[PDB]
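K.L.:
This structure is in structure tokens; I'll ask about it shortly.
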Amino acid sequence: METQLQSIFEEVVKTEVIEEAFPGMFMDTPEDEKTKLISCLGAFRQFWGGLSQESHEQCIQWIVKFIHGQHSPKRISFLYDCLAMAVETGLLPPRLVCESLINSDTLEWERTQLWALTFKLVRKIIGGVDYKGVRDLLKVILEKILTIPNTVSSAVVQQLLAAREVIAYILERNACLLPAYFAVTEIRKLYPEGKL
Amino acid sequence: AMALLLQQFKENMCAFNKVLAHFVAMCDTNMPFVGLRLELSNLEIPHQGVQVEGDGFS
Amino acid sequence: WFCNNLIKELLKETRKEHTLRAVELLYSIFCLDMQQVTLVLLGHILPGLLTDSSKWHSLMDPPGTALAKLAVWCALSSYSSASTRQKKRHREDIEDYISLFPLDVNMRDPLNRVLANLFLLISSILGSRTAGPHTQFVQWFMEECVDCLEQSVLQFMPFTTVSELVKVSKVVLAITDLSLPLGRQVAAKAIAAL
Amino acid sequence: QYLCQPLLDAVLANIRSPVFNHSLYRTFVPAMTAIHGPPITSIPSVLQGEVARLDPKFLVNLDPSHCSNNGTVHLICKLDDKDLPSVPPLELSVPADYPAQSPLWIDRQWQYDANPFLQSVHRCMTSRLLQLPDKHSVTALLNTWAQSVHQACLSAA
Amino acid sequence: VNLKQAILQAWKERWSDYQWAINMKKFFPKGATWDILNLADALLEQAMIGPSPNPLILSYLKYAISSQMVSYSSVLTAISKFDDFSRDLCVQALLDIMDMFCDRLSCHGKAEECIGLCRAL
């Protein structure tokens, strides 16, 4: 079953070996981003509609560990666009994706492009979570931000700051994702009185 | 023996058929570099890819 | 001793409300001898907090924004320009500010020397690697230099800061430049290429 | 092993004594010194290597904007070739620790609109980018860019 | 030889914009960033002769802006020197050309080019 999803997603992003010898002579434009996304979304929709409810989440953990196992950032952003349209079309419940994205232990701050693209996608898809899920996401995002040192490199700081926009979006009072009392309760549980 | 893959090439006294001679020469001079690229990548020596070098004919 | 201990007692506050109140009080307390206090503050306390690698965990956002506000208020009020003990003691005092700040208008007036040295330090911090809380501090210092001014303390800013400040993230250019004919060239370079 | 074992047992028995090399000296140096006589009579340079070897089509220069002399570096290239048309300049973000990882192409979708031809350039370029192997160089990106421009010339006409 | 003759040959034999770019390169070995040779001026003169602009030479100018052949400063000056104003169609074409590069307006060059962009704005 994870073999099925393995064959699907690996057959999505295969790379051509014999190209760069006789470059561009093969008669075939490789599916550009939109057609490839539509085909990927269709095949994953087949596997998802086939899938059972209780098996709904271990496959998503496999998806996110397969995305975080990648190395090319274009590949990662393509599969994140796939996950974004898979949430946007209504196929996926928009809480499992966010939780398995953040609680993935491959998400460390040293993987700065993965950090930036991940928290960009969570900023995209957090608007649909119910408020208790937003509260638990707030807690795990704060605990993810808490692992950064006092000093980091001067180039990675802007890609690290992508979590700050998710935090600013959750604690924004006009957006009203959750009651603000819950937000200050989670914060003051993590930063009690006297802690910067 | 098994087939593995197939790709079609792009389109673009006449008894020579210059295009086929060109494709055969192109495969036979380019495809030695593909095995070298794989054997370099298995020992993780960073390299720019197989490139045309300076003039066109190399 | 006075200015250092009061700033230590600032920097161990953790609340936003108390830090802003402490700064609004400490300005008036430093108005006993504003000029000498600004020389100590922008010359000895702030370079020691920005240069020491162990110290800048004290420069976090709650006390740090307040401290940057107090430094820029002190700089402006000392530039634009008082008790009898303080008159006697500054008449007593001998120091060579040319020797203290060698630096790589008059520029023999010590406050211009302290300000030039501080802005060299700020450009060096913004230009370096290892961004931390001290970089947030010099960002805040330049932002309240922009906001607090009417137009000049920023006459002493090196023109490389114009480039670097938007490398580290409009009006913070167009105010900081002081608008000389060469100053437009650095302005138009930075504003168009944001 | 054979014919040499009791030496090995003695020396492996007597390791971690602080007077060990004293014992070896006292037991071995007079014999040897009697027989043998007395003793004896800013930018990481990988990127400079890439840029120094590029074809004169490309005209790679550093961005006036962006952080400089720090971890990652940023490039604005160009393209000069009579066969190829003038195209948007292209922006590259090379990480520090450049080999063992792949550089990133800063995407500017807005300038690759407003023409059909630049749209074809952009579609073909994203396609060849997806086709690329991992941990590719800068020159792989620049050559996929030039091949993308050439395909978008041919597909159009 | 002249830029007017090259643009006019580009109109005579129907050249698409990229073929115009290639043949414009070939006609002139020194690029001179194309602003010393005043590409925007010649293209605007021979585009704005009729009551409505011919879409060929407007396509040439829109390619020469979207591809970075011509700086925004020379375009904004050549737009500034048009007036006439009795024709709404040429004015709407000029406002679409301004709609292309405005809000972007980013010179990446010498500071004299940035001062030129200031005066052009």
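The way I read the labels, and the way they are meant: chains A, B, ... in the order of the structure tokens, residue 1 as the first residue of every chain, and ligand 1 as the first ligand shown, with later ones counted on from there.
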Using only C-alpha atoms and a cut-off of 6 Å, which residues of chain A sit close to chain C? Please list them as a list in words.
P.N.:
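Matching residues, ligands excluded from the count: residues 151, 152, 153, 154 and 194 of chain A.
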K.L.:
Would you write out those residues with C-alpha atoms, as a tab-separated table (two decimals), in the first residue's frame?
P.N.:
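Resulting contents of again16.tsv:
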```
chain	number	residue	atom	x	y	z
A	151	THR	CA	23.05	33.35	16.66
A	152	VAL	CA	22.61	31.98	13.14
A	153	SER	CA	24.12	32.90	9.80
A	154	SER	CA	23.23	36.16	8.15
A	194	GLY	CA	10.02	36.41	33.80
```
K.L.:
Using only C-alpha atoms, which residues sit within 12 Å of residue 107 (chain D) once same-chain residues fewer than 3 positions away are excluded, as a VMD selection string?
P.N.:
(chain A and resid 74) or (chain D and resid 88 to 93 104 110 to 112 122 to 123 125 to 126 129)
K.L.:
Could you save the residues just selected, with N, CA, C and O atoms, as a short mmCIF file (atom, residue, chain, number, x, y, z; two decimals), in the first residue's frame?
P.N.:
```
data_model
loop_
_atom_site.label_atom_id
_atom_site.label_comp_id
_atom_site.auth_asym_id
_atom_site.auth_seq_id
_atom_site.Cartn_x
_atom_site.Cartn_y
_atom_site.Cartn_z
N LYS A 74 13.38 22.53 -6.21
CA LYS A 74 12.30 22.59 -7.18
C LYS A 74 11.40 21.38 -7.09
O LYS A 74 10.18 21.51 -7.21
N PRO D 88 15.26 37.93 -20.43
CA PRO D 88 15.41 38.46 -19.07
C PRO D 88 16.68 37.93 -18.40
O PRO D 88 16.98 36.77 -18.56
N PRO D 89 17.43 38.75 -17.62
CA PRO D 89 18.75 38.38 -17.10
C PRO D 89 19.00 37.13 -16.25
O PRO D 89 20.14 36.71 -16.26
N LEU D 90 17.99 36.61 -15.54
CA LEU D 90 18.14 35.35 -14.74
C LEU D 90 18.86 35.61 -13.42
O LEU D 90 19.96 36.20 -13.45
N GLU D 91 18.30 35.12 -12.31
CA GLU D 91 18.88 35.38 -10.99
C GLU D 91 19.12 34.08 -10.23
O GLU D 91 18.22 33.25 -10.07
N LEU D 92 20.34 33.93 -9.75
CA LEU D 92 20.77 32.68 -9.16
C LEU D 92 21.20 32.93 -7.73
O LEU D 92 21.81 33.95 -7.43
N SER D 93 20.91 31.97 -6.87
CA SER D 93 21.24 32.06 -5.45
C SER D 93 22.05 30.83 -5.10
O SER D 93 21.49 29.77 -4.85
N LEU D 104 19.85 27.57 -6.44
CA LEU D 104 18.44 27.80 -6.67
C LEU D 104 18.26 28.94 -7.65
O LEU D 104 18.99 29.93 -7.61
N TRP D 110 6.77 37.46 -13.31
CA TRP D 110 6.13 38.64 -13.88
C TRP D 110 6.83 39.13 -15.13
O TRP D 110 6.17 39.66 -16.03
N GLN D 111 8.15 38.98 -15.23
CA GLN D 111 8.80 39.39 -16.46
C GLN D 111 8.75 38.31 -17.52
O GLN D 111 8.96 38.62 -18.70
N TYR D 112 8.46 37.07 -17.15
CA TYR D 112 8.28 36.02 -18.14
C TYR D 112 6.85 35.93 -18.63
O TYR D 112 6.53 35.02 -19.40
N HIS D 122 9.95 30.15 -20.39
CA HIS D 122 9.79 29.83 -18.98
C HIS D 122 9.25 28.42 -18.77
O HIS D 122 9.70 27.71 -17.86
N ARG D 123 8.29 28.01 -19.60
CA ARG D 123 7.72 26.66 -19.47
C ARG D 123 8.76 25.60 -19.76
O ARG D 123 8.92 24.64 -18.99
N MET D 125 11.96 25.97 -19.56
CA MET D 125 13.01 26.02 -18.56
C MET D 125 12.61 25.30 -17.28
O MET D 125 13.43 24.59 -16.69
N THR D 126 11.36 25.46 -16.84
CA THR D 126 10.91 24.72 -15.67
C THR D 126 10.85 23.23 -15.94
O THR D 126 11.12 22.41 -15.05
N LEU D 129 14.39 21.99 -15.76
CA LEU D 129 14.77 22.02 -14.35
C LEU D 129 14.24 20.81 -13.61
O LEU D 129 14.94 20.25 -12.76
#
```
K.L.:
May I ask for the distance between CA of residue 148 (chain D) and CA of residue 25 (chain E), given in Å to one decimal place?
P.N.:
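CA of residue 25 (chain E) lies at a distance of 19.6 Å from CA of residue 148 (chain D).
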K.L.:
Suppose you want the space between CA of residue 145 (chain D) and CA of residue 85 (chain A); what is it in Å?
P.N.:
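Here the two named atoms are 28.0 Å from each other.
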K.L.:
Applying 10 Å and only C-alpha atoms, which residues near region 43-47 of chain B remain after dropping the ones on its own chain fewer than 4 positions away? List them as a list in words.
P.N.:
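The residues satisfying every condition are residues 37, 38 and 39 of chain B; 98, 99, 100, 101, 135, 136, 137, 139 and 140 of chain D.
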K.L.:
Restricting the output to C-alpha atoms, write the selected residues as a PDB file, in the first residue's frame.
P.N.:
```pdb
ATOM      1  CA  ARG B  37      29.010  10.588 -15.225  1.00  0.00           C
ATOM      2  CA  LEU B  38      27.391   7.718 -13.331  1.00  0.00           C
ATOM      3  CA  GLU B  39      30.694   6.373 -12.032  1.00  0.00           C
TER       4      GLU B  39
ATOM      5  CA  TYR D  98      28.026  24.879  -2.877  1.00  0.00           C
ATOM      6  CA  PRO D  99      29.073  21.348  -4.099  1.00  0.00           C
ATOM      7  CA  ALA D 100      27.078  18.446  -2.498  1.00  0.00           C
ATOM      8  CA  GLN D 101      23.941  20.651  -2.960  1.00  0.00           C
ATOM      9  CA  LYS D 135      23.375  18.371  -6.888  1.00  0.00           C
ATOM     10  CA  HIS D 136      23.881  19.939 -10.292  1.00  0.00           C
ATOM     11  CA  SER D 137      26.266  22.800 -10.890  1.00  0.00           C
ATOM     12  CA  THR D 139      26.711  25.581 -15.457  1.00  0.00           C
ATOM     13  CA  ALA D 140      23.964  22.984 -15.659  1.00  0.00           C
TER      14      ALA D 140
END
```
K.L.:
Chain D near chain C within 7 Å: what's each residue's closest atom pair and its distance in Å to one decimal, counting only C-alpha atoms, ordered by chain then ascending residue number, as JSON lines?
P.N.:
```
{"residue": "D:65", "atom": "CA", "partner": "C:167", "partner_atom": "CA", "distance": 6.8}
{"residue": "D:66", "atom": "CA", "partner": "C:167", "partner_atom": "CA", "distance": 5.3}
{"residue": "D:67", "atom": "CA", "partner": "C:167", "partner_atom": "CA", "distance": 5.7}
{"residue": "D:70", "atom": "CA", "partner": "C:129", "partner_atom": "CA", "distance": 5.8}
```
K.L.:
Write to file, as a compact mmCIF listing (two decimals), in the first residue's frame, the residues of the selection just made, with N, CA, C and O atoms.
P.N.:
```txt
# COMPACT_ATOMS: atom_id res chain seq x y z
N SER D 65 22.63 44.35 -5.57
CA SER D 65 21.76 44.14 -4.39
C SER D 65 22.09 42.82 -3.69
O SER D 65 22.94 42.09 -4.23
N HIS D 66 21.46 42.54 -2.54
CA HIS D 66 21.67 41.28 -1.77
C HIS D 66 22.91 41.31 -0.88
O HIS D 66 23.83 42.11 -1.18
N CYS D 67 22.96 40.47 0.16
CA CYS D 67 24.11 40.40 1.10
C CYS D 67 25.34 39.91 0.34
O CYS D 67 25.20 39.00 -0.50
N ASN D 70 29.26 36.87 2.42
CA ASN D 70 28.64 36.08 3.52
C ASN D 70 28.16 34.76 2.92
O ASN D 70 28.10 34.69 1.68
```
K.L.:
Using only C-alpha atoms, which chain E residues lie at most 10 Å away from chain D, written as an NGL selection string?
P.N.:
:E and (16-26 or 29 or 59 or 62-69 or 100-101 or 104 or 108-110)
K.L.:
I need the contact residues of chain E against chain C, so if you could list those with any atom within 12 Å, counting only C-alpha atoms, and return them as a list in words, that would help.
P.N.:
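Interface list for chain E against chain C: residues 72, 73, 102, 103, 104, 105, 106, 107, 108, 109, 110, 111, 112, 113, 114, 115, 116, 117, 118, 119 and 121 of chain E.
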K.L.:
Write out, as a CSV table (one decimal), in the first residue's frame, the residues just selected, with N, CA, C and O atoms.
P.N.:
```csv
chain,number,residue,atom,x,y,z
E,72,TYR,N,14.5,51.4,-18.7
E,72,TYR,CA,13.3,52.1,-18.4
E,72,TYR,C,13.4,53.6,-18.6
E,72,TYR,O,12.4,54.3,-18.9
E,73,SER,N,14.6,54.1,-18.4
E,73,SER,CA,14.8,55.6,-18.4
E,73,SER,C,14.6,56.1,-19.8
E,73,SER,O,13.9,57.2,-20.0
E,102,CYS,N,6.1,50.1,-14.8
E,102,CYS,CA,5.8,50.9,-13.5
E,102,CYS,C,5.4,49.9,-12.5
E,102,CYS,O,4.9,48.8,-12.8
E,103,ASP,N,5.7,50.3,-11.2
E,103,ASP,CA,5.7,49.5,-10.0
E,103,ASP,C,6.9,48.6,-9.9
E,103,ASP,O,7.2,48.1,-8.8
E,104,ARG,N,7.6,48.5,-11.0
E,104,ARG,CA,8.8,47.6,-10.9
E,104,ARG,C,10.0,48.6,-10.9
E,104,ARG,O,10.7,48.6,-9.8
E,105,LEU,N,10.3,49.3,-12.0
E,105,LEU,CA,11.1,50.5,-12.1
E,105,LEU,C,12.5,50.4,-11.4
E,105,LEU,O,13.0,51.3,-10.8
E,106,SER,N,13.1,49.2,-11.6
E,106,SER,CA,14.3,48.9,-10.8
E,106,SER,C,15.5,49.0,-11.8
E,106,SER,O,15.7,48.0,-12.6
E,107,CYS,N,16.3,50.0,-11.7
E,107,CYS,CA,17.6,50.1,-12.4
E,107,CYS,C,18.5,49.2,-11.6
E,107,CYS,O,18.6,49.2,-10.4
E,108,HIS,N,19.4,48.5,-12.3
E,108,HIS,CA,20.5,47.7,-11.7
E,108,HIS,C,21.7,48.1,-12.6
E,108,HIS,O,22.1,47.4,-13.5
E,109,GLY,N,22.3,49.3,-12.2
E,109,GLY,CA,23.4,49.8,-13.0
E,109,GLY,C,24.2,50.8,-12.2
E,109,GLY,O,24.2,50.8,-11.0
E,110,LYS,N,24.8,51.7,-12.9
E,110,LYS,CA,25.5,52.8,-12.3
E,110,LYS,C,24.5,53.8,-11.7
E,110,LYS,O,23.3,53.8,-12.0
E,111,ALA,N,25.0,54.7,-10.8
E,111,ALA,CA,24.2,55.6,-10.1
E,111,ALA,C,23.7,56.7,-11.1
E,111,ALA,O,22.6,57.3,-10.8
E,112,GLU,N,24.4,57.0,-12.1
E,112,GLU,CA,24.0,58.0,-13.1
E,112,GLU,C,22.7,57.5,-13.8
E,112,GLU,O,21.8,58.2,-14.2
E,113,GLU,N,22.6,56.1,-14.0
E,113,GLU,CA,21.4,55.6,-14.6
E,113,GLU,C,20.2,55.7,-13.6
E,113,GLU,O,19.1,55.9,-14.0
E,114,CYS,N,20.5,55.7,-12.3
E,114,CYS,CA,19.5,55.8,-11.3
E,114,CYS,C,19.0,57.3,-11.2
E,114,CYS,O,17.8,57.6,-11.1
E,115,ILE,N,19.9,58.2,-11.4
E,115,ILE,CA,19.6,59.6,-11.5
E,115,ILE,C,18.8,59.9,-12.8
E,115,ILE,O,17.8,60.7,-12.8
E,116,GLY,N,19.2,59.2,-13.8
E,116,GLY,CA,18.4,59.3,-15.1
E,116,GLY,C,17.0,58.7,-14.9
E,116,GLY,O,16.0,59.3,-15.5
E,117,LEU,N,16.9,57.7,-14.1
E,117,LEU,CA,15.5,57.1,-13.8
E,117,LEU,C,14.7,58.1,-13.0
E,117,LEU,O,13.5,58.2,-13.1
E,118,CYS,N,15.4,58.9,-12.1
E,118,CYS,CA,14.7,59.9,-11.3
E,118,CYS,C,14.2,61.0,-12.2
E,118,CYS,O,13.0,61.3,-12.1
E,119,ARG,N,15.0,61.5,-13.0
E,119,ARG,CA,14.6,62.6,-14.0
E,119,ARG,C,13.5,62.1,-14.9
E,119,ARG,O,12.6,62.8,-15.3
E,121,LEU,N,11.3,59.7,-14.2
E,121,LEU,CA,10.1,59.6,-13.5
E,121,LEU,C,9.4,61.0,-13.4
E,121,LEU,O,8.2,61.1,-13.4
```
